[PDB]
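Let me begin by presenting the structure, written as structure tokens, before commenting on it.
Pasting the structure below:
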């Protein structure tokens, strides 16, 4: 958490998640991933990154 | 007497009511059948069956 | 103003039939036994859901 | 402040999400309370009639 | 291995052959614990609703 | 009062047993969760401070 | 249906009722409150909603108190306590309502 | 009884059409189109034999293209 800002870290985490999902597992729905994506505006950035 | 008397799931009542419904449609019992199907909401099927 | 007799009709029309009750209970029985129970303590978030 | 304003419990105000609590808005210089309304008594009758 | 399980149903399998025993075949089995998703999370209400 | 007076309960037990063994053997095929989005907005009239 | 199913599980996500705006004691409000009172279980509702429903019900039966005089009981007692008082008043020797539970 | 029958039938299917038009409007509202806060309060249906009319009132008047969207949805 001491390499980027509070938002660049979120973007990097999203990219890493997408890459890992497309690397190992076949394409699906990823219920938890969509749940996190949809309600990301209901949380402040710091606690969203912590979660 | 035994084996599902006064304490059984409401699911089982559909099985019991079938015979009474069949008898109530035997070309000559029409007087009671209309009274039943007209005033159901005041005298529901359960108490009639118990009586 | 409403007449005292207008309530018993209202209660009569709100009754629940036996087959309706059986259909009500089937779904709940198949739902209680599968949903995880560790989330029942969760505090509400996104209030428009309630 | 708005909740303290509207003492009636029938009115209920939209709950605030966690991310929306620290947001910043602009308020008026001085609020309009009964104090200002009390000072229009010499001409209030015309307003009421109209 | 298949015959050993006696969980809920009676599994019956005919004897294969005296010579078809050593035939090889691939069958994968995931080994990852699934108890780390059912922790207490600040977002469980969304899980329940959806 | 003989064995003929135990037919309805016999049918009830048989129905329950058939419902059970029709589901013990049925295959378990899980579906893919979809249609998850943030579509629960709340309307109403604003406050519109006067001054 | 989804909201009611959720409210029966979480122990803290009880339904909150939004009442119509700037209209008080309209004829449809009374009958809708009655339907809610004798058709919706009490444990699935918030204390505030139960109190408002009970107040609307009790306004028309009290000899003296009016709707505003009842809503003014918000102080001097809590929401749940006011709801309990009103419900006990509706199960006396003079009045009897179901209040589905 | 021709007029009575015509007005009974005309006022019947109107309710069933309004019932599902409400669902379609609610669908559009959750997505971004008609927008929230555009909700009718009183709707009155008047029938004179075959001919009929439908009047819906609003607290905040929807803009011009909202009217087109909701009329198309109803029709």
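Chains as they are written, first to last, in the UniProt record's numbering: chain F, 604 to 654; chain Y, 604 to 654; chain C, 504 to 553; chain V, 253 to 302; chain A, 253 to 302; chain H, 1 to 51; chain D, 353 to 453; chain S, 901 to 975. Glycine is no exception: its CB is placed at the ideal position from the N, C-alpha and C atoms.
On the DSSP letters alone, give me the boundaries of the alpha helix (DSSP H) that residue 911 of chain S sits inside. 902 to 930
Beta-carbon proximity of residue 360 of chain D to residue 396 of chain D, cut-off 8 Å: yes
Length of the line joining the Cα atoms of residue 362 of chain D and residue 355 of chain D: 11 Å
In chain C, what lies closer than 8 Å to residue 644 of chain Y by C-beta? 515, 516, 518
Which two residues bound the contiguous alpha helix (DSSP H) that contains residue 505 of chain C? Careful: residue 505 of chain C lies outside any alpha helix (DSSP H) and carries neither H nor E.
Can you check whether the C-beta of residue 8 of chain H is within less than 8 Å of a C-beta belonging to chain Y? yes
Buried or exposed: which applies to residue 19 of chain H, given that a residue is buried once 16 or more other Cβ atoms fall within 10 Å of its Cβ? exposed
Starting from the Cα of residue 265 of chain A, find the closest Cα among A:278, A:254, A:283 and give me that residue. A:254
Which residues, taken in chain order from the region 385 to 398 of chain D, show a beta carbon closer than 7 Å to some beta carbon of chain A? none
Does residue 281 of chain V come out as helix, strand or coil in the three-state DSSP assignment? coil
Chain-ordered neighbours of residue 39 of chain H on chain S, where CB pairs are closer than 8 Å: 930, 931
Can you list the residues of chain H that residue 632 of chain F reaches, using a CB-CB cut of under 7 Å? 32, 33, 34
Assigned secondary structure, residue 958 of chain S (DSSP; H/G/I helix, E/B strand, else coil): strand
Chain-ordered chain A contacts of residue 629 of chain F [CB-CB under 7 Å]: What residue 629 of chain F touches in chain A: nothing, since even the nearest Cβ is about 14 Å away.
Provide the residue(s) that pair with residue 952 of chain S in DSSP beta bridges, ordered along the chain. S:947
Does DSSP put residue 942 of chain S in a helix, a strand or coil? strand
First and last residue of the uninterrupted alpha helix (DSSP H) at residue 299 of chain V: 296 to 301
DSSP on residue 936 of chain S, reduced to helix/strand/coil? coil
Pull up the distance between the alpha-carbon of residue 638 of chain F and that of residue 611 of chain F, whole angstroms please. 21 Å
Quick one: which chain C residues come within Cβ less than 8 Å of residue 267 of chain V? 550
Three-state secondary structure (DSSP) at residue 397 of chain D? strand
So with CB distances below 8 Å, who are the chain V contacts of residue 647 of chain F? 270, 271, 274
The alpha helix (DSSP H) spanning residue 654 of chain Y covers which residue range? Per DSSP, residue 654 of chain Y belongs to no alpha helix (DSSP H) and is neither H nor E.
So that I know if they touch, is there some Cβ in chain Y lying closer than 8 Å to that of residue 510 of chain C? no
Indicate whether the contact test is met: 3 or more Cβ pairs, each with one atom in the region 398 to 416 of chain D and one in the region 366 to 382 of chain D, closer than 8 Å. yes
Check whether the Cβ atoms of residue 38 of chain H and residue 642 of chain F lie closer than 8 Å to each other. yes
Residues that DSSP places opposite residue 367 of chain D in a beta bridge: D:397
Could you check the C-alpha separation between residue 548 of chain C and residue 439 of chain D for me, to the nearest Å? 31 Å
So with CB distances below 8 Å, who are the chain D contacts of residue 553 of chain C? 355, 358, 359, 365, 366, 367, 368
What residue from F:629, F:654, F:627 has the CA that sits closest to residue 640 of chain F's CA? F:654
Three-state secondary structure (DSSP) of residue 263 of chain A: coil
Where residue 297 of chain A falls, given that 16 or more other Cβ within 10 Å makes a residue buried: buried
Using the Cβ count rule (16 or more neighbours within 10 Å means buried), how would you classify residue 956 of chain S? exposed
In terms of residue numbering, what span does the alpha helix (DSSP H) encompassing residue 621 of chain F cover? 611 to 626
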